[PDB]
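Engineer: Please see the structure below; I have some questions.
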Amino acid sequence: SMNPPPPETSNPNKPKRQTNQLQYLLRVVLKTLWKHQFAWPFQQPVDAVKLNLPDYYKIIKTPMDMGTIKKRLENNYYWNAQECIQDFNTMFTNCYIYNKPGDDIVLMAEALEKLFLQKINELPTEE
Ligand SMILES: CCN1C(=O)c2cccc3c(S(=O)(=O)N4CCC[C@@H](O)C4)ccc1c23
């Protein structure tokens, strides 16, 4: 059993910006999801050795989690809000790919995804 390297959270050659929408994705969107009762399985990269999921990284090839997103946001990693939203979408999609409808973890992702969409339905205006 071997975990892969987790996704990067810094990259000096990547272009980045500090926009009002990205600030909101950290202060409001991420920090609200983070406190939800169903958030904890999503707060760090899947540790497939700890969790005894040896097929996880056989199936999931673009891993993503809210801990990585949080550090990317805190480290000014993104150029725009769409990039960050894409990471959220990847996290949710990975969960549906690796699992099945009805699994507890899937019920958890579905709840978070609906909350996520509710929060990004309206974003602040790129001042
Ligand atoms: C979101 C990333 N991710 C998966 O894709 C996934 C698949 C099966 C279990 C599991 C666990 S768990 O064992 O801690 N637990 C979580 C709560 C519900 C339980 O059924 C299982 C934590 C995080 C996970 C998984």
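Quick note on naming: the chains in the structure tokens go A, B, ... in the order shown, residues restart at 1 in each chain, and ligands are numbered from 1 in order of appearance.
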Please, which residues have at least one atom within 7 Å of an atom of ligand 1, using only C-alpha atoms and all ligand atoms, listed as a PyMOL selection string?
Structural biologist: chain A and resi 41-42+46+51+94-95+98-99+103-105
Engineer: Could you write out the selected residues, including N, CA and C atoms, as an mmCIF file, in the first residue's frame?
Structural biologist:
```cif
data_model
loop_
_atom_site.group_PDB
_atom_site.id
_atom_site.type_symbol
_atom_site.label_atom_id
_atom_site.label_comp_id
_atom_site.auth_asym_id
_atom_site.auth_seq_id
_atom_site.Cartn_x
_atom_site.Cartn_y
_atom_site.Cartn_z
ATOM 1 N N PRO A 41 -14.763 13.854 6.411
ATOM 2 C CA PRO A 41 -14.054 12.938 5.497
ATOM 3 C C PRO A 41 -13.376 13.660 4.351
ATOM 4 N N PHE A 42 -13.731 14.922 4.119
ATOM 5 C CA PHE A 42 -13.263 15.710 2.988
ATOM 6 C C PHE A 42 -12.175 16.701 3.374
ATOM 7 N N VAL A 46 -7.273 11.727 0.849
ATOM 8 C CA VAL A 46 -7.574 10.346 1.212
ATOM 9 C C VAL A 46 -6.267 9.642 1.545
ATOM 10 N N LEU A 51 -6.900 4.255 5.804
ATOM 11 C CA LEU A 51 -8.302 3.876 5.654
ATOM 12 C C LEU A 51 -8.484 2.497 5.038
ATOM 13 N N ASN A 94 -14.912 12.849 -7.720
ATOM 14 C CA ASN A 94 -14.112 11.696 -7.298
ATOM 15 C C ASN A 94 -14.900 10.803 -6.353
ATOM 16 N N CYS A 95 -15.613 11.412 -5.409
ATOM 17 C CA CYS A 95 -16.379 10.639 -4.445
ATOM 18 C C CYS A 95 -17.441 9.801 -5.144
ATOM 19 N N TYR A 98 -15.573 6.832 -7.153
ATOM 20 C CA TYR A 98 -15.042 5.725 -6.367
ATOM 21 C C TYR A 98 -16.139 4.957 -5.645
ATOM 22 N N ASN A 99 -17.286 5.577 -5.379
ATOM 23 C CA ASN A 99 -18.329 4.925 -4.589
ATOM 24 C C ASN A 99 -19.595 4.697 -5.425
ATOM 25 N N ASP A 103 -24.195 4.877 -0.713
ATOM 26 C CA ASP A 103 -23.146 4.756 0.296
ATOM 27 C C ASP A 103 -23.204 5.939 1.256
ATOM 28 N N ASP A 104 -22.873 5.691 2.529
ATOM 29 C CA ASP A 104 -22.860 6.786 3.501
ATOM 30 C C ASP A 104 -22.014 7.967 3.017
ATOM 31 N N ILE A 105 -20.808 7.699 2.499
ATOM 32 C CA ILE A 105 -19.934 8.803 2.095
ATOM 33 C C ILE A 105 -20.574 9.589 0.957
#
```
Engineer: Find the spatial neighbours of residue A:87, counting only C-alpha atoms, within a cut-off of 12 Å - ignore same-chain residues fewer than 5 positions away - and output them as a ChimeraX atom specification.
Structural biologist: /A:7,25,30,62-70,72-73,77-78,80-82,92-94
Engineer: Using N, CA and C atoms, can you export the residues from the last selection as a CSV table (one decimal), in the first residue's frame?
Structural biologist:
```
chain,number,residue,atom,x,y,z
A,7,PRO,N,-1.8,16.7,-3.8
A,7,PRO,CA,-1.7,17.8,-4.8
A,7,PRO,C,-0.9,19.0,-4.3
A,25,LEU,N,-14.7,32.8,-1.4
A,25,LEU,CA,-14.7,31.4,-1.4
A,25,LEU,C,-13.9,30.8,-0.2
A,30,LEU,N,-15.7,28.0,1.8
A,30,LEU,CA,-15.0,26.9,2.4
A,30,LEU,C,-15.2,26.8,3.9
A,62,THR,N,-7.1,12.1,-10.3
A,62,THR,CA,-6.9,13.5,-10.0
A,62,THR,C,-7.6,13.8,-8.6
A,63,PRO,N,-6.9,13.4,-7.5
A,63,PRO,CA,-7.4,13.6,-6.2
A,63,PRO,C,-7.6,15.0,-5.8
A,64,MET,N,-8.6,15.3,-5.0
A,64,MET,CA,-8.8,16.6,-4.4
A,64,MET,C,-9.6,16.5,-3.1
A,65,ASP,N,-9.3,17.5,-2.2
A,65,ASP,CA,-10.0,17.5,-0.9
A,65,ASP,C,-10.0,19.0,-0.4
A,66,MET,N,-10.9,19.2,0.6
A,66,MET,CA,-11.0,20.6,1.1
A,66,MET,C,-9.8,21.1,1.8
A,67,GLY,N,-9.0,20.2,2.4
A,67,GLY,CA,-7.7,20.6,3.0
A,67,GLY,C,-6.8,21.2,2.0
A,68,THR,N,-6.6,20.6,0.9
A,68,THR,CA,-5.8,21.1,-0.2
A,68,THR,C,-6.4,22.4,-0.7
A,69,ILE,N,-7.7,22.5,-0.9
A,69,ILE,CA,-8.4,23.7,-1.3
A,69,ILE,C,-8.1,24.8,-0.3
A,70,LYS,N,-8.3,24.5,0.9
A,70,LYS,CA,-8.1,25.5,2.0
A,70,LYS,C,-6.7,26.1,1.9
A,72,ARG,N,-4.6,26.0,-0.7
A,72,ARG,CA,-4.5,26.7,-1.9
A,72,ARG,C,-5.1,28.1,-1.8
A,73,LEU,N,-6.2,28.2,-1.2
A,73,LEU,CA,-6.8,29.5,-1.0
A,73,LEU,C,-6.0,30.4,0.0
A,77,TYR,N,-3.1,30.6,-4.2
A,77,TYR,CA,-2.6,29.7,-5.3
A,77,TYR,C,-3.4,30.0,-6.6
A,78,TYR,N,-4.6,30.5,-6.5
A,78,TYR,CA,-5.5,30.5,-7.7
A,78,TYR,C,-5.4,31.9,-8.4
A,80,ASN,N,-8.4,32.6,-10.4
A,80,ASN,CA,-9.8,33.1,-10.4
A,80,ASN,C,-10.6,32.1,-9.7
A,81,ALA,N,-11.9,32.5,-9.5
A,81,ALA,CA,-12.8,31.7,-8.7
A,81,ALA,C,-13.2,30.4,-9.4
A,82,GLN,N,-13.2,30.4,-10.7
A,82,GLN,CA,-13.6,29.2,-11.5
A,82,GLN,C,-12.6,28.1,-11.2
A,92,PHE,N,-16.0,16.4,-5.4
A,92,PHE,CA,-17.3,15.7,-5.3
A,92,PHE,C,-17.3,14.6,-6.4
A,93,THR,N,-16.9,14.9,-7.6
A,93,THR,CA,-16.9,13.9,-8.7
A,93,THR,C,-16.1,12.7,-8.3
A,94,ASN,N,-14.9,12.8,-7.7
A,94,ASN,CA,-14.1,11.7,-7.3
A,94,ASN,C,-14.9,10.8,-6.4
```
Engineer: Which is closer to residue A:28 than all the others in A:120, A:111, A:102, A:126, using only C-alpha atoms?
Structural biologist: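 Comparing A:120, A:111, A:102, A:126 against residue A:28, the winner is A:120.
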Engineer: Apply DSSP to the backbone of this structure and, from chain A, keep only the residues in helix (DSSP H, G or I); write these as a VMD selection string.
Structural biologist: chain A and resid 20 to 35 40 to 42 56 to 59 66 to 74 81 to 98 104 to 120
Engineer: Produce a file of the selected residues containing C-alpha atoms, as an mmCIF file, in the first residue's frame.
Structural biologist:
```
data_model
loop_
_atom_site.group_PDB
_atom_site.id
_atom_site.type_symbol
_atom_site.label_atom_id
_atom_site.label_comp_id
_atom_site.auth_asym_id
_atom_site.auth_seq_id
_atom_site.Cartn_x
_atom_site.Cartn_y
_atom_site.Cartn_z
ATOM 1 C CA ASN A 20 -12.977 39.465 -4.085
ATOM 2 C CA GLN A 21 -14.591 36.220 -5.246
ATOM 3 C CA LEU A 22 -11.602 34.143 -4.121
ATOM 4 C CA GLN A 23 -11.619 35.897 -0.737
ATOM 5 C CA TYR A 24 -15.310 34.980 -0.453
ATOM 6 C CA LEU A 25 -14.651 31.373 -1.438
ATOM 7 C CA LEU A 26 -12.300 31.134 1.554
ATOM 8 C CA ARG A 27 -14.023 33.273 4.190
ATOM 9 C CA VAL A 28 -17.602 32.145 3.441
ATOM 10 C CA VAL A 29 -17.821 29.109 1.165
ATOM 11 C CA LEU A 30 -14.964 26.928 2.404
ATOM 12 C CA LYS A 31 -15.220 27.943 6.045
ATOM 13 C CA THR A 32 -18.968 27.259 6.115
ATOM 14 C CA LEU A 33 -18.670 23.826 4.466
ATOM 15 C CA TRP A 34 -15.774 23.005 6.794
ATOM 16 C CA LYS A 35 -17.968 23.186 9.907
ATOM 17 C CA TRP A 40 -14.705 15.676 8.137
ATOM 18 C CA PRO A 41 -14.054 12.938 5.497
ATOM 19 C CA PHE A 42 -13.263 15.710 2.988
ATOM 20 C CA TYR A 56 -8.563 4.219 -4.175
ATOM 21 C CA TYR A 57 -5.659 5.601 -6.175
ATOM 22 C CA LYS A 58 -6.055 2.797 -8.676
ATOM 23 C CA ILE A 59 -9.378 4.443 -9.549
ATOM 24 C CA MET A 66 -11.008 20.591 1.069
ATOM 25 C CA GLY A 67 -7.746 20.640 3.033
ATOM 26 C CA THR A 68 -5.847 21.075 -0.219
ATOM 27 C CA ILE A 69 -8.373 23.687 -1.346
ATOM 28 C CA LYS A 70 -8.085 25.545 1.975
ATOM 29 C CA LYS A 71 -4.291 25.672 1.733
ATOM 30 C CA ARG A 72 -4.477 26.725 -1.935
ATOM 31 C CA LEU A 73 -6.845 29.549 -0.959
ATOM 32 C CA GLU A 74 -4.766 30.602 2.057
ATOM 33 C CA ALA A 81 -12.818 31.660 -8.664
ATOM 34 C CA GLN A 82 -13.586 29.241 -11.468
ATOM 35 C CA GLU A 83 -10.279 27.442 -10.846
ATOM 36 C CA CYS A 84 -11.234 26.988 -7.199
ATOM 37 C CA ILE A 85 -14.783 25.904 -8.046
ATOM 38 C CA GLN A 86 -13.298 23.310 -10.408
ATOM 39 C CA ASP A 87 -11.338 21.851 -7.495
ATOM 40 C CA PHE A 88 -14.526 21.529 -5.451
ATOM 41 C CA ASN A 89 -16.228 19.837 -8.426
ATOM 42 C CA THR A 90 -13.300 17.411 -8.781
ATOM 43 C CA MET A 91 -13.538 16.481 -5.091
ATOM 44 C CA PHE A 92 -17.254 15.733 -5.342
ATOM 45 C CA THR A 93 -16.922 13.895 -8.659
ATOM 46 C CA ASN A 94 -14.112 11.696 -7.298
ATOM 47 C CA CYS A 95 -16.379 10.639 -4.445
ATOM 48 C CA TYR A 96 -19.140 9.617 -6.865
ATOM 49 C CA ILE A 97 -16.658 7.784 -9.120
ATOM 50 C CA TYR A 98 -15.042 5.725 -6.367
ATOM 51 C CA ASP A 104 -22.860 6.786 3.501
ATOM 52 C CA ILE A 105 -19.934 8.803 2.095
ATOM 53 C CA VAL A 106 -22.023 9.582 -1.005
ATOM 54 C CA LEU A 107 -24.955 10.846 1.077
ATOM 55 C CA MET A 108 -22.401 13.069 2.794
ATOM 56 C CA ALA A 109 -20.978 14.399 -0.495
ATOM 57 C CA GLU A 110 -24.472 15.035 -1.882
ATOM 58 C CA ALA A 111 -25.370 17.137 1.164
ATOM 59 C CA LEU A 112 -22.137 19.153 0.910
ATOM 60 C CA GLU A 113 -22.505 19.583 -2.857
ATOM 61 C CA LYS A 114 -25.987 21.076 -2.510
ATOM 62 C CA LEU A 115 -24.764 23.436 0.237
ATOM 63 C CA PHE A 116 -21.778 24.338 -1.957
ATOM 64 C CA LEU A 117 -23.989 25.174 -4.928
ATOM 65 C CA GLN A 118 -26.288 27.244 -2.698
ATOM 66 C CA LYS A 119 -23.325 29.315 -1.532
ATOM 67 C CA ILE A 120 -21.778 29.961 -4.966
#
```
Engineer: When you draw a straight line from atom CA of residue A:76 to atom CA of residue A:123, how long is it in Å?
Structural biologist: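 Between atom CA of residue A:76 and atom CA of residue A:123 the gap is 18.2 Å.
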Engineer: Show which residues sit within 12 Å of residue A:50, as a ChimeraX atom specification. Count only C-alpha atoms, and ignore same-chain residues fewer than 3 positions away.
Structural biologist: /A:1-3,45-47,53-54,56
Engineer: Those residues with C-alpha atoms, as a compact mmCIF listing (two decimals), in the first residue's frame please?
Structural biologist:
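Full text of selection-v4.txt as output:
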```
# COMPACT_ATOMS: atom_id res chain seq x y z
CA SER A 1 0.00 0.00 0.00
CA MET A 2 1.35 3.42 -1.02
CA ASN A 3 -0.27 6.86 -1.08
CA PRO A 45 -6.30 13.91 1.19
CA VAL A 46 -7.57 10.35 1.21
CA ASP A 47 -5.04 8.28 3.16
CA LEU A 53 -8.69 1.54 0.63
CA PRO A 54 -5.92 0.03 -1.54
CA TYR A 56 -8.56 4.22 -4.18
```
Engineer: Calculate how many Å separate atom CA of residue A:12 from atom CA of residue A:79, rounding to one decimal.
Structural biologist: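 Going from atom CA of residue A:12 over to atom CA of residue A:79, I get 12.6 Å.
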